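This document starts with one chain, in the form deposited in one PDB entry, laid out as C-alpha cells.
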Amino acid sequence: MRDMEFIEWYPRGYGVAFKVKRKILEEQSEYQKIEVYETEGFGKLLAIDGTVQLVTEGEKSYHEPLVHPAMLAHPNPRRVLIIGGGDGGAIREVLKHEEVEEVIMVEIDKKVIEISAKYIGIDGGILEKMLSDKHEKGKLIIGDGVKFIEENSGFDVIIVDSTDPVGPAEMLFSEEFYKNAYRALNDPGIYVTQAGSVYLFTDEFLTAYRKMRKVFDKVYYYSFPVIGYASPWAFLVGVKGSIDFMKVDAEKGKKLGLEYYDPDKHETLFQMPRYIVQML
C-alpha cells in the first residue's frame, strides 16, 4: 500500500476504513488515547481509543440527527445540557436555536477539547471561549457527567454525546444514570443519546432501550447514516411530559439550514431493520 490507512474494526470482523495522508498526533490523556489524522478525502479524523469520533467532512451527518430532532420537538429548549461533545460539534448545533439561553457542557477529558480546538476546528471558535469562560450562552465544566447529573437538575434538553459505553462513558448507559437524568429534566423535557451501530452494537442499543423504558414516560428510537461510523447509527430518546417526538417544528428547522437531517420528512428518521424492532 502506497498510502496510509486507518481502520476501525467492529464485532464480527467488519471494518470502516479511510485512506489517510498522515497522522497529525497521538496523545495519551489520563482517560484515553486521542489521535488525529488527515484523511485522503474526508478532512481530519478524530479517534479515541481507535474508534472514530468524527471526520470533519461529514460530521454533520452525526451532529445534526443527534441534536435537532430533540431541539425541534421541544416546545421551548431554554436550558440545555450536553455530556461529552469535546469536539464542539453538538454545542455548535445546539446554539443554532434562538430559544437557547444557557448550554452547560460537561466533558470529562479536557485534552479532547484542547486537541479539538487546535487540530479539528469544527466548533467555530466556541471551544476556546468555553475554555476561558468567555462564552455568553455556553458554560464548560470539566468532570464526569454521571456525577454532575447526580447533583444538578432543571434542563429542558439533555444531550449525551459521549464515547462508546466502555471507558468512563459506561455509566452513561446505566439504570441509575437514567433515573437521575429523568429527574433532572424539566416538564416537558427531552433526553437523547447516541446508542451505537444498529447492526453491530445491537446489544448496546437494545440494553439501553429497555433500561430507559423503565424510567422515562416514553422512549423512542431512530437511526441515521453517520459518515465515519459503521452505518447506520442508532439514537435513543427519553421524554418527560407531553412531548410528541413523532412531530417537530418544521418551520424552525428550515431556519437551521441543515444538510443531512431533514425535518420536513421527520417520519423517515425512524427507519430501523425489522428484526431489531421485533426485539424491542
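Throughout, we count residues from 1 along the sequence that is shown. Whichever C-alpha set is largest while still superposing within 1.5 Å between the two forms counts as the rigid core.
Absent from the display: the form deposited in another entry. The rest refers to it.
**Q** Give the option from 191, 205, 173, 155 whose C-alpha shifts by 2 Å or more between the shown form and the other one; the alignment is on the rigid core.
**A** So the only displaced C-alpha belongs to 173.
**Q** For residue 164, is the CA shift between the shown form and the other one at least 2 Å following rigid-core superposition?
**A** It does shift by 2 Å or more.
**Q** What direction does the residue 173-residue 93 Cα distance move in the other entry compared with the shown chain, closer or farther, given a change of 3 Å or more?
**A** Distance between the C-alphas of residue 173 and residue 93: longer in the other entry, by 3 Å or more.
**Q** Just to spell it out: taking the C-alpha atom of residue 13 and the C-alpha atom of residue 168, is that distance smaller or larger in the other entry than in the structure shown here, given it changes by 3 Å or more?
**A** Distance between the C-alphas of residue 13 and residue 168: shorter in the other entry, by 3 Å or more.
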